[PDB]
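Down below is the structure, laid out as structure tokens.
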Amino acid sequence: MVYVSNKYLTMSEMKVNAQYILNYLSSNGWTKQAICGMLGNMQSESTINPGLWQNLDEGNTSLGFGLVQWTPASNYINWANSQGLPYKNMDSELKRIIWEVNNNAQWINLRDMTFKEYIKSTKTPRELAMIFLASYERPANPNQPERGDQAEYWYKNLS
Ligand SMILES: CC(=O)N[C@@H]1[C@@H](O)[C@H](O[C@@H]2O[C@H](CO)[C@@H](O[C@@H]3O[C@H](CO)[C@@H](O)[C@H](O)[C@H]3NC(C)=O)[C@H](O)[C@H]2NC(C)=O)[C@@H](CO)O[C@H]1O
């Protein structure tokens, strides 16, 4: 059970999705700290909603889409379409992230940590949140300390 929509999720809804992501990536070798660092980012990007378009502007593929706001959305949608996966789908977006780790896509090493180091890291969820912000997301505004607060919140509130 997951929420997939072009709407901002409440805290209760985000928790359902966040637990799902933790369970999924745990089977693929990621630490809870690394996953929660990423979840703290996903909360700011999309309220952890795989269905969400930047500005709620549905169908604008030049702008952000999905958990991590792939921008342009076509960076992800083209991939899903080419891979025969449904683009508006929780697992399809988790598969993209796994593809990125495996193929060294998206990540730029600005903090002396590679994407492969990241997913195995037991640094704090706050620290990993900030590394993921800087290395993977890279939004126009870099000053979003709330992402580390959110990372720590998920680490404490999920199993
Ligand atoms: C209005 C706003 O801030 N939009 C946010 C997006 O900027 C952000 O997506 C990220 O945008 C940056 C900058 O365009 C992307 O980084 C660039 O990536 C290309 C790789 O093709 C590389 O050539 C550039 O060097 C690099 N620039 C910088 C400054 O690092 C980055 O890939 C985008 N991130 C993602 C996940 O696709 C998204 C996500 O934070 O949020 C929008 O609101």
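Heads up: the sequence shown runs through residues 73 to 231, numbered per my numbering. Where is the CB? At the ideal position from N, CA and C, for every residue including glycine.
When Cβ pairs closer than 8 Å are counted between the two stretches, the segment 108-120 is seen not to touch the segment 179-188, the count staying below three. Rounded to whole angstroms, the gap between the alpha carbons of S207 and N215 is 14 Å. Between the C-alpha atoms of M83 and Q91 there is a straight-line separation of about 12 Å.
Within the model, the alpha-carbon separation for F137 versus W151 is close to 13 Å. Sorting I93, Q126 and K167 by C-alpha distance to the C-alpha of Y227 places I93 at the top. DSSP lists no bridge partner for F204. Here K188 really is in contact with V173; their C-beta atoms are around 7 Å apart, less than 8 Å. Here the segment 92-111 makes no contact with the segment 129-136; the two share fewer than three CB pairs at distances below 8 Å.
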